[PDB]
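Read-outs throughout are calculated quantities, based only on the coordinates presented, and are distinct from any laboratory measurement.
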Amino acid sequence: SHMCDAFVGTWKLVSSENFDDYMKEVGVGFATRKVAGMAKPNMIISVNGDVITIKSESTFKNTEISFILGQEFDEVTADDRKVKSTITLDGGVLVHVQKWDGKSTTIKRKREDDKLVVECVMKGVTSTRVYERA
Ligand SMILES: Nc1nc(N)c2ccsc2n1
């Protein structure tokens, strides 16, 4: 048993709050915000040794990241930003920081009851995205 066991699995988005405002704060344009805001992504998390893989699949885009905790990597986000990402574990919470164009956003993923709760923060704006097991 290991680090992220309770995150591993296939998850489906069941609720979202303030995601449009988060996307605005990030700089996402109108058409992408409207189309991306409809999606109910599946998040598939797996671990193989030190390598964590998070796939996110939706009608809008399929994305995939693989990474080692604490080790920066390149990520192309669903809204087509080219970012430099670092993901760490902080007291059981996966903390994902994305840097691009002098900007920064942080995405936190945590287990709460039977849900996986995703909190996306850009300056003063937070969006909460709740996933349940598929
Ligand atoms: N693949 C993918 N991943 C995401 N996080 C989102 C959010 C809206 S659409 C979408 N598609």
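Give the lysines reachable from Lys103 as a straight Cα distance under 18 Å; neighbours fewer than 8 places away on the same chain don't count.
Correct list for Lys103: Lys24, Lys82, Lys84, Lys123.
For the chain, what does the helix formula give at 222 nm: sum of -39500 (n - 2.57) over DSSP H segments with n ≥ 4, over the residue count, nearest 500 deg cm²/dmol?
-3500 deg cm²/dmol
Scan around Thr105 for amide H atoms under 5 Å from its own, H built in the peptide plane at 1.01 Å from N, and keep only partners 5 or more places away or cross-chain.
The answer is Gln98.
In a GNM of the chain with a 10 Å cut-off on Cα contacts, which of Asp20, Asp113, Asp80 has the highest mean-square fluctuation?
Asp113
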